[PDB]
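Residue numbers (the authors' numbering), protein chains in the order written: chain N, 1 to 118; chain 2, 2 to 54; chain D, 3 to 209; chain P, 4 to 116; chain K, 1 to 120. C-beta atoms are modelled at their ideal positions from N, C-alpha and C, and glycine is treated no differently. Just below is one structure, and these are the notes that go with it.
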Amino acid sequence: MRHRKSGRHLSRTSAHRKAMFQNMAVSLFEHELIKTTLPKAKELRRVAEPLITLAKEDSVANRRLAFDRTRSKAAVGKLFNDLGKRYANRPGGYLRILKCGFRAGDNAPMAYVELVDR
Amino acid sequence: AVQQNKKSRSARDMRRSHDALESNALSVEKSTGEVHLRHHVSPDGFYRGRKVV
Amino acid sequence: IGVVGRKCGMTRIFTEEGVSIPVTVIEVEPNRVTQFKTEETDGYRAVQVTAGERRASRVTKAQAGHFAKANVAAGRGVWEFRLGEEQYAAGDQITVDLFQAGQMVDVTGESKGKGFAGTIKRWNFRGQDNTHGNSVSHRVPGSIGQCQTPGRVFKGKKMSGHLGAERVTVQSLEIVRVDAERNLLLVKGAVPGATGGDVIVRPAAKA
Amino acid sequence: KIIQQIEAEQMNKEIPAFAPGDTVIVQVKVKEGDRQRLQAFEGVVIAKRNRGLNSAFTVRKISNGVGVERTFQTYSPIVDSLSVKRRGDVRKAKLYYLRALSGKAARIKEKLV
Amino acid sequence: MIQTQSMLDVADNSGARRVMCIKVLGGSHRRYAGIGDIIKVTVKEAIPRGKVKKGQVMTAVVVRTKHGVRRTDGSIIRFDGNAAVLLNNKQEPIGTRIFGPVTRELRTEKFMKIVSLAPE
RNA sequence: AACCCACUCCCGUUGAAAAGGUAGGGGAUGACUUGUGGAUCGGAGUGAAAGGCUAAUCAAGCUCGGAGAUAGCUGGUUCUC
RNA sequence: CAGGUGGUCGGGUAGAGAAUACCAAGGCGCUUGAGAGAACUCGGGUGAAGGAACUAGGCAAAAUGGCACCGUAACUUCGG
RNA sequence: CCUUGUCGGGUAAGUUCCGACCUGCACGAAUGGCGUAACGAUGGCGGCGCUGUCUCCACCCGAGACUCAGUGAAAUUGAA
RNA sequence: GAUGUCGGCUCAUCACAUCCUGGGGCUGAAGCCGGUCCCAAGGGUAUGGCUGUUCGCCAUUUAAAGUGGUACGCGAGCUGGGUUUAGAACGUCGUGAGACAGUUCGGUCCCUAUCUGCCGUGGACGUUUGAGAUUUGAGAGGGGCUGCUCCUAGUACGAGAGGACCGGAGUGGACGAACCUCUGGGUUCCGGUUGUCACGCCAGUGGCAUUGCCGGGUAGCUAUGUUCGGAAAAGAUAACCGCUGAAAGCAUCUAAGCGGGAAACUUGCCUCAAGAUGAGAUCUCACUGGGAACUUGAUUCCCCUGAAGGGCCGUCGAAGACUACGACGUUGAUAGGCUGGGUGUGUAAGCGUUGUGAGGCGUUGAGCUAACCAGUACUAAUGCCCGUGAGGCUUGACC
């Protein structure tokens, strides 16, 4: 019925869905522009920004909290050294989503995700 | 279940009268004079007069 | 005549004796009078009453000229009330102060709406078993009609479809407190709708 | 903000600070036979705050060979007094694992003196 | 107790140890019985000698339940275990001494007897 | 447990399948299971026996001849006055 | 084409174990995808207070389950 | 057969079950007659534990049903 | 050249020859109870034991546990216990194959809905110029039940026992609608822990094992929770009770005249309702260009002009299968983020200590916190298409 319920299923089981948004984020903090699907971009913007907010405070406890939800050395190295310092005076709203046509094979509406200053 | 009599030319064509098409979201880019869909990135990669890709 | 409110939430207040009174809190914007329908042009005898604060881009020029015969300068919604005999002239803020403590009232809202409901939820329609040999049909409806002799299904049957955001009134509730400073009516009971809905409060029919 | 502002006026302080795992004693008003009096009810607290959401707790007493438990509303005009006779560490805020155990097994441990 | 075929013990001295509900008295089909209601029991397990023999239709009142009683407050009393008190042909109790607590909610027109012998 | 077998429920019935599947079951050193090669055939074989099996066919296979079998029985029988 | 098809090889950590859970060598992502999150159908998870009242029938589900020691009935072909 | 024969037990209540009577329409001795420990995916009753079987269903997780793009059947049919 | 048979479940609809409640002649009706017959179909109308059973016989209730029709309602809605093909055995009959309107154990229930019938929900057009918003109600539905106490009053009645009518006040049951403040129930938030693989190792943590197995639990949803409802009254009547009164000097409720009269009928209360083609009513807003052809309610074309508005599109919604509805698009708090709270969980890691060690303690109410509240432009809500140009003609009132 979902009155006032938030979050969408995307027809994947919950262990898949956890381990896919961990993997779209870890590729966004390498290339800084991703051509992805439009409902998968509307829910990427609720996973990626508590990584950028977290990066603004360096700590051994924060670098362990960061590693334990985007489990990669290179993404933790890319935060805390470049990002978090570049967005040091931005009160939220770190990304943007630009709709861009449709997929050829299906009609899946696409979107770009892009960091805001680059 | 199956039918008992077949459907004529009239009652077959009446069914598919509600099945037409629509495409109306076309918009002209102010700068480059290129045509694209409203609220979408143009195929040369311009959104509201700014190169993004 | 009644007042158009807005459902805000359920609370609970205590008598100092020890009992609890479940209370539904209703916010009242002061209600302007748009027009006054006399019996001579219109037949019946009624008023128009308006609650405020809609942006001045969404009013059409048909409406914006309609709220300029009286200087109402109106917001969302325009409701009408049929009244016996009274005199309301041009624009007069009808406030909460018509009511007192006691004062059996009627409250009309819509409801929360459930999408497309089966016969068990809709009509309280006890279902077949679960074990003991049963096929795919575990909570489907039963049979519909009789055999050959009516041949048809009979109008008014109880099948399934869309539980309502239909308009429902609850009747004969009582007012616990009237607050003119924060503009509240406190009503003991349940009030139909969701929080943030729209609610009309009439003095009671039966009484 | 409007039911959050009414609910400041019913609340006038009656209770002290306490946790689960405590042995409270509660003085409740008893109106029967046209005379008001008090009554003491002492047991061990197992459920804590905002239990609906307006602040109700729960206390387990071992009566004449028979268990009983009683859920109190905090800001009622019936719950009058509340004193704290003993306190200890439980670690696990809800003690519903004492609806089974009964004797020397249901001793609240004492890390906390 | 609260349904037909609900095993529940007694809170009484003269009686039998366990009884079982067979009929909830009252209306057309009352399905449940709270604290303070008349049920009709069969005697399922008797003490080697008391007063009541095994296998006899009696009448009882319900005095303790694990679902609780609810006063005009949010405040509820909730025991553990179910308990009944047998009655005579007339509704007056059979035994002498009642075991364990009762509630104050039971005291009424006809039940000033058992709340005397109660201690609560 | 491999392995052979088929007691129950539900799903499937235009099936994924002209007899399966997922869960549970029985035997599991022997009156066992099985690979290769051979023997027994149509009023005739085989059978711890059910009228069971003998190439998705069995109270007597499959195929070609006698044969365009016989049908007091059904169905059909075509341009005008 | 979820079926059928004889024989060898068969590592690591726990385990009596070729059972079972995670992995090495090696191999694969089952040749239609994207949405949204109605009834109803299928395969599942938890449940107040009762505890067979269901039904042709406790069918089905739930429960039980290990190793060591203590302890063990009528009955018997004297093994059980 | 008449028949839920009659009598006792078990249940608040027992056309089934257990024990007897014998008035066997129509038991009976190798088409065997009466007993019998251990074994049955065997038939019928009773009990403890246990439970969404049920009073009476409420909620959550997956795969379909629904919408969009690609491909694209079937039985049935005198005419509407 | 097929109309699937008994009982159960689910869902029902009509009759009245009434089981309950409502009104009432007579009684061999003192009172409480009854018996019997006229009027009445509005709402109700039991859980179990035993049997394949309907039926029945029992135990316990209740205001009462109604009798029939609807292929002995209902298998393209369920079951398959009964009759039920192939197996096997008993008793009887036949020399035999075999059989019995005798018993007993075992045994496959097929379908994707084309036409009404429909229950929900939209598209087209219409309503005589076009919009926006609010409405009368023709007509149709929904609902309708009842106990026990207590006062009247232990009064009337009666040897006594026993005990009321009319009226009033309470608070229960069964059914319904709404609603989460409370009392609970409920998977992606926070912990504990088992086996193993990994991140170079120690620490810390993350995969897979049904959510690995469990303890708790916010929002939403929900009942077993919370609140509310069934009227009062008005009309016209049924059975019945009459008042005046003739025909028929009297009598007579009727022929004329005049009343009382029940849950049934019509309003009364809740909802839909102008496709009510009879297409209603109010208030307010918009638009005041030419030209030619052929034929003049003038029709048709050409050109300028496109307003009130609406739609596409975007952000969404306690609205939703799709639609539709509702809120908003920089005139900006519509959704995400951010900053403070609130709630939950149960005192993080790292360091410092204590100890040979697992552990304790300082660390310490710590840290993390989904759906909630308040604020804040940080990111995303950037033209085009439909719709025109003063609204026919007859009559009457009318300068």
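Query	Result
Against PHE101 (chain D), what residues of chain P qualify as contacts under a CB-to-CB distance less than 9 Å, listed in chain order?	Within 9 Å Cβ-Cβ: nothing; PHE101 (chain D) doesn't reach chain P, min ~18 Å.
Name the chain N residues whose beta carbon is nearer than 8 Å to that of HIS40 (chain 2)?	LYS99
Determine the burial state of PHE118 (chain D): buried for a count of at least 16 other Cβ atoms within 10 Å of its Cβ, exposed for fewer.	exposed
Are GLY54 (chain D) and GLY20 (chain D) close, meaning C-beta to C-beta below 8 Å?	no
Can you tell which of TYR94 (chain N), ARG64 (chain N), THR70 (chain N) has the C-alpha that lies nearest to the C-alpha of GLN22 (chain N)?	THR70 (chain N)
Can you look up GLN3 (chain K) in the DSSP assignment and give me helix, strand or coil?	coil
How is the beta strand (DSSP E) around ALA83 (chain K) delimited, first residue to last?	83-87
When we look at the beta-carbon of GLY36 (chain P) and count the other beta-carbons within 10 Å, is it buried (16 or more) or exposed?	exposed
Out of curiosity, what's the CA-to-CA distance linking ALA74 (chain N) and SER11 (chain N)?	30 Å
Quick one: grab the DSSP three-state call for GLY93 (chain N).	coil
By alpha-carbon positions, which one of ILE2 (chain K), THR42 (chain K), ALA11 (chain K) ends up nearest to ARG31 (chain K)?	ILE2 (chain K)
Going by C-alpha to C-alpha distance, which of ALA104 (chain N), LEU33 (chain N), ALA88 (chain N) sits closest to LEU115 (chain N)?	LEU33 (chain N)
State the DSSP-derived secondary structure class of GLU112 (chain D), mapped to helix, strand or coil.	coil
At a CB distance below 8 Å, what residues from the region 63-78 of chain K approach chain D? Give them in sequence order.	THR72, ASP73, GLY74
Please confirm if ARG184 (chain D) has its CB atom under 8 Å from at least one CB of chain P.	yes
Using 8 Å as the threshold, is the region 178-185 of chain D in touch with the region 106-125 of chain D, meaning 3 or more CB pairs across them?	no
Is it buried or exposed, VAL155 (chain D), if we count other Cβ atoms within 10 angstroms and call 16 or more buried?	exposed
What are the boundary residues of the beta strand (DSSP E) that includes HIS37 (chain 2)?	36-38
If you draw a straight line from the alpha carbon of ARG97 (chain K) to that of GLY15 (chain K), how long is it in whole angstroms?	10 Å
By the 7 Å beta-carbon criterion, what residues does the region 66-90 of chain P contribute toward chain K?	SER66, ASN67, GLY68, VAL69, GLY70, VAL71, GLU72, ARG73, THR74, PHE75, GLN76, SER79, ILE81
Starting from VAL43 (chain K), trace the beta strand (DSSP E) in both directions and tell me its first and last residue.	38-45
From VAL107 (chain D) to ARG56 (chain D), what does the alpha carbon distance come to, in whole angstroms?	28 Å
In chain order, what residues of the same chain have a beta carbon less than 7 Å from the beta carbon of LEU115 (chain P), not counting five sequence neighbours either side?	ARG90, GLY91, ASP92
Using the beta-carbon count (16 or more within 10 Å), is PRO119 (chain K) buried or exposed?	exposed
When the Cα of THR52 (chain D) is compared with those of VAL203 (chain D), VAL189 (chain D), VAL5 (chain D), which residue comes out closest?	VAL5 (chain D)
Assign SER28 (chain K) to one of two classes, buried (16 or more other C-beta atoms within 10 Å of its C-beta) or exposed (fewer than that).	exposed
Applying a beta-carbon distance threshold of less than 9 Å, which residues of chain K neighbour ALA109 (chain P)?	In chain order: nothing, as chain K lies at least about 13 Å away.
Note the first and the last residue of the continuous alpha helix (DSSP H) segment covering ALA19 (chain N).	14-31
State the Cα-Cα distance for the pair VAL29 (chain 2) and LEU98 (chain N), rounded to the nearest angstrom.	17 Å
Thinking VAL98 (chain D) and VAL193 (chain D) are a contact (beta carbons under 8 Å), I'd like their distance in whole angstroms, please.	Actually they do not touch by this definition, with Cβ atoms about 16 Å apart.
Mapping the DSSP letters down to three states, classify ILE3 (chain D) as helix, strand or coil.	coil
Residues in the same chain with beta-carbon distance under 6 Å from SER174 (chain D), minus the five sequence neighbours each way, listed in chain order, please.	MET106, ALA206
Return helix, strand or coil for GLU18 (chain D), following the three-state DSSP convention.	coil
Does the Cβ-Cβ distance between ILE18 (chain P) and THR77 (chain P) come in under 8 Å?	yes
Alpha carbon to alpha carbon, what distance is there between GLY55 (chain K) and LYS34 (chain P)?	42 Å
Starting from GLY77 (chain N), trace the alpha helix (DSSP H) both ways and give me its first and last residue.	73-78
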